[PDB]
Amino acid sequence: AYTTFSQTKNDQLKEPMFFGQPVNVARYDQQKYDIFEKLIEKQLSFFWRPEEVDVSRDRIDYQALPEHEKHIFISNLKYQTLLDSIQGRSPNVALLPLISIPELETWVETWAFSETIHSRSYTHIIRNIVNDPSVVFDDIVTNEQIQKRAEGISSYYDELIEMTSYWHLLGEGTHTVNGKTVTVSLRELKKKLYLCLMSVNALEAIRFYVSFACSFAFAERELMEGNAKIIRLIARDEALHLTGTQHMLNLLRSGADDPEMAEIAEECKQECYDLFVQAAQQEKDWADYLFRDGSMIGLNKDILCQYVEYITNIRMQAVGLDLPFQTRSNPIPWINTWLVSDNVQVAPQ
């Protein structure tokens, strides 16, 4: 029962964020939550094109890098390309059919579009520093380590999409499909979304920031500086993105938007904690992979894992989860000069 234009004249101010009447008229003179209108407007204001950054000198730097330093940089780049390949399509495919307020609908399309620009920027970087880009792009799919992350991250989306399709097609209740029993539950779907949104929050607020440290560490060494200029632009967008999902999640668990969602958020509050911890660990294990053949000046497995814990604690408090790690100070304060914008707070506070 998805409609690209619902015929009911509803008061969009009183709709929930999710699972209400599909948005008919796209209007921007009013909001239920003006955060999403402010995110649109900011993200629009940030619009950049990857080609406006000269990455020419990165090719020289990269070729001059020792093999293990190549491995660090290209593993990082590959991982980023994976993540935003997923982030390019998924918010549109997974969330659009569920949104019921216009400001959130357009933020999600704006969000996803800004990701395609990131992915296009990753191509721009890759095709400028390596001879055969196909080797790089193919490894993104077949790399053992990258694949593990791809599968877990994508499952949260996939399961939400499939349960959505059942919901739209069948409606709520217990059903008979080809001799099997399919039970469609709005409550479970609401949970599937919450977990997905928690997963996507960890992805952008934690996983990408672990990657930002890696990129900016080269730039600190005065290497791969074109790449770093792009990551600076990418980081500024990312601060918007995670801000969006922090509000979605916080508005959902408060019960202000949907009293049901409040009780559902408490029910899987443990599960969300476990989700974030597993992501933190996975990025620690990723650090292991990056530096398996050696480290470089200013960044190693130990320093990076410290940063993972530091940033993971901050992000989780933001969404009301218990902190899983020792209260620590910033192991790499030098990252803050890179993680900065005068229009949005990029660096974690």
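All residue numbers refer to positions in the sequence shown, first residue = 1.
In this entry, 250-258 has the higher mean Cα B-factor, the comparison being between 236-244 and 250-258.
For the two regions 279-287 and 37-45, the entry's Cα B-factors average higher over 279-287. Per the deposited record, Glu162 carries the highest C-alpha B-factor of all listed residues (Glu162, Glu225, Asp84, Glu103). Across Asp61, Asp322, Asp29, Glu69, the entry's maximum B-factor at the CA atom is seen for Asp322.
In this PDB entry, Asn201 carries a Cα temperature factor that places it within the middle third of its chain's modelled residues.
Per the deposited record, the Cα B-factor of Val53 falls in the highest third when ranked against the other modelled residues of its chain. Sorting the modelled residues of the chain by their CA temperature factor places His168 in the highest third. Sort the modelled residues of the chain by CA B factor and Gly179 lands in the highest third.
Residue-level temperature factors show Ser134 in the middle third of its chain, judged at the C-alpha atom.
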